[PDB]
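J.: how does the following fold in three dimensions:
(chains A, B, C, D and E)
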Amino acid sequence: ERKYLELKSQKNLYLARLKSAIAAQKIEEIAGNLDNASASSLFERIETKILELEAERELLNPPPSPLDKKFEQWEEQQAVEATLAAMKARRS
Amino acid sequence: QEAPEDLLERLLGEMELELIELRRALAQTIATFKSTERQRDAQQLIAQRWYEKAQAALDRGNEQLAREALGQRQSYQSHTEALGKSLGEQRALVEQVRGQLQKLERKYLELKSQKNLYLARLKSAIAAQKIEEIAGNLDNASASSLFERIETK
Amino acid sequence: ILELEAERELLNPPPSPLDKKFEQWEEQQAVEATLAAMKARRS
Amino acid sequence: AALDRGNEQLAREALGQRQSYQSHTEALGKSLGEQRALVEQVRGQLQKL
Amino acid sequence: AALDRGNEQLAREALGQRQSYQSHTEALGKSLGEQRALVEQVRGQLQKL
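T.: Numbers count the residues shown, from 1 in each chain, chains lettered A, B, ... in the order given. You can find the structure just below:
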């Protein structure tokens, strides 16, 4: 009995270990299913999907070259400067 | 095939079952060693009685009685030394797993948050997709067939 | 009981013994400082 | 009233006991302040509403 | 409050413990900034839409 009671105790300790290991196994597999590192297919798949969908939207309305962006600003710079130059000079 | 975003929420919901399973499974662990800890306490206390018997033996010059009482305690002491070391061995098991667990929720809660951010991104992208297709259906530029079709009409 | 006892403790992870002595120690400083000022106030 | 007549020891427990109430006081005092903004902000919202 | 009265040792653990929270703070602080552009860019898109 002295041996059996000890043996009966160890399994309960060890039964926990397999339960802990059992729980310690499912955590990693699910992490690899979708990973923040994007190595997992799902995270990159959907993220790339956004990029796949993102690119097509831009082309349908071909964005004007950066020239007008600076020019529309520049002419705005000339416009705002000319307006404020006249306005500030109007009430300098 | 099922939409990946539909599964997303389901996968996290399944995790807590293991977490609570570990919660109860881990709790079952704690009751083991402390129960043995109490069992050890009785044995050492019982051994102390044989020491209380051993110390009371030589009192009045009866040294012989202490020999058996102390000798008997050795069997309990033999259990004590064997049992004392055994308790120490498994403490690292609870220690290491506890450090693992605390980090595990720390990671999971963060992961659970990112999907909500990212679930928005697909929703924003989902909404950001239907806007362009309808625009090409009929366009003020007349490149779309309908606008020019009816206008030419 | 031990099986049920252990799970209760974890749900509210008890603060490390550091605050127990520190909350006492700062209380010791607080009580000593208060009584030091109070006893000195009406020494 | 403890140290009065030289009984300093009694004050130790009375003051020590007050710390528990003071512990509640500090915890409760801050809690009251936190929710005052809640009534303050909503009142400003309502009057405008 | 640790070094107060010359107990420098206690501050070591308290400050050391804060580093773990600070480690979260630095990691969490940067994360908040990253997603602000997401709401910023989409808002500009929407208003035009």
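
J.: excluding chain neighbours, what is closest to the spatially most central residue of chain B?
T.: Taking C-alpha atoms, centre = their mean, the centroid of chain B lies closest to residue B:101, which sits 4.0 Å from it. Nearest residue to residue B:101, sequence neighbours excluded (C-beta to C-beta, 6 or more residues apart in numbering or on different chains): residue B:22, at 7.1 Å. C-betas here are computed from N, CA, C, even on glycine.

J.: for that neighbour, pull up the helix or strand it's in.
T.: helix B:4-58 (DSSP states H and E).

J.: again with residue B:1
T.: Judged by DSSP H and E, residue B:1 forms part of no helix or strand.

J.: can you give me the angle the helix holding residue B:22 makes with helix C:2-11?
T.: Here helix B:4-58 points in a direction 120 degrees away from that of helix C:2-11 (axes from the mean of the first three to the mean of the last three C-alpha atoms, to 10 degrees).

J.: scan chain A for its longest helix.
T.: For chain A, the longest helix by residue count, based on DSSP state H, is helix A:2-33.

J.: buried stuff in it?
T.: Buried positions in helix A:2-33, judged by neighbour count with 16 or more other C-beta atoms under 10 Å in any protein chain shown: A:9, A:13, A:16, A:19, A:20, A:23, A:24, A:27, A:30, A:31.

J.: next, see if it gets close to chain C.
T.: No - against chain C, helix A:2-33 shows no contacts by C-beta under 8 Å from any C-beta of the partner chain, the least distance being 11.0 Å.

J.: show me how far that helix is from its chain's centre.
T.: Remark: helix A:2-33 is offset 36 Å from the chain centroid, using C-alpha atoms, centre = their mean, to the nearest Å.

J.: what helices and strands are in contact with it?
T.: Here helix A:2-33 touches helix B:4-58, helix B:63-137, going by 3 or more C-beta pairs under 8 Å, 6 or more residues apart in numbering or on different chains; DSSP states H and E.

J.: ok, for the residue in chain A positioned nearest to chain C, nearest residue in space, not its chain neighbours?
T.: The nearest approach of chain A to chain C comes at residue A:12, 11.0 Å away (C-beta to the nearest C-beta). Sequence neighbours aside, residue B:32 is the residue nearest to residue A:12 in space, at 5.4 Å (criterion: C-beta to C-beta, 6+ apart).

J.: before we move on, the earlier item: and of the helices and strands packed on helix A:2-33, who's closest to residue A:86?
T.: When the helices and strands packed on helix A:2-33 are compared by C-beta to C-beta, helix B:63-137 sits nearest residue A:86, at 39.8 Å.

J.: and the closest one, what does it pack onto?
T.: Short answer (3+ C-beta pairs under 8 Å, 6+ apart): helix B:63-137 packs on helix A:2-33, helix A:41-60, helix B:4-58, helix E:8-48.

J.: angle of the first one against helix B:63-137?
T.: On the basis of the same axes, to 10 degrees, helix A:2-33 is oriented at 20 degrees to helix B:63-137.

J.: also the last one?
T.: With the same axes, to 10 degrees applied, the angle from helix E:8-48 to helix B:63-137 works out at 20 degrees.

J.: and for the second one?
T.: Put simply, helix A:41-60 runs at 20 degrees to helix B:63-137, going by the same axes, to 10 degrees.

J.: chain center to helix A:41-60: distance?
T.: Distance of helix A:41-60 from the chain centroid (C-alpha atoms, centre = their mean) equals 13 Å.

J.: again with the longest one
T.: Its chain's C-alpha centre and that of helix B:4-58 lie 15 Å apart, by C-alpha atoms, centre = their mean.

J.: report all helices and strands that it contacts.
T.: helix A:2-33, helix A:41-60, helix B:63-137, helix C:2-11.

J.: kindly reformat those helices as a markdown table containing distance to residue B:42.
T.: Listed next are those as a markdown table, based on distance: least, C-beta to C-beta, whole Å:
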| stretch | distance to residue B:42 |
| --- | --- |
| helix A:2-33 | 14 |
| helix A:41-60 | 56 |
| helix B:63-137 | 10 |
| helix C:2-11 | 15 |
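
J.: show me what contacts residue 36?
T.: Let's take chain A. Contacts for residue A:36 were tallied using C-beta atoms under 8 Å, 6 or more residues apart in numbering or on different chains; they are A:43, B:111, B:114.

J.: wait, I meant chain B there
T.: For residue B:36, the contact set (C-beta under 8 Å, 6+ apart) comprises A:9, B:83, B:87.

J.: pull the contacting residues for the closest residue to chain E within chain A.
T.: Relative to chain E, the nearest point of chain A is residue A:57 (9.8 Å; C-beta to the nearest C-beta). Residues in contact with residue A:57 (C-beta under 8 Å, 6+ apart) are B:128, B:129, B:131, B:132.

J.: could you find the closest non-adjacent residue to the first one?
T.: What that stands for is residue B:128. For residue B:128, ignoring the flanking residues on the chain, the nearest one in space by C-beta to C-beta, 6+ apart is residue A:57 at 6.2 Å.

J.: how about residue B:54?
T.: Spatial nearest neighbour of residue B:54, chain neighbours left out: residue B:69 (3.9 Å); criterion: C-beta to C-beta, 6+ apart.

J.: just give me the neighbour total for the one you found.
T.: Using other C-beta atoms under 10 Å in any protein chain shown, residue B:69 is surrounded by 18 other residues.
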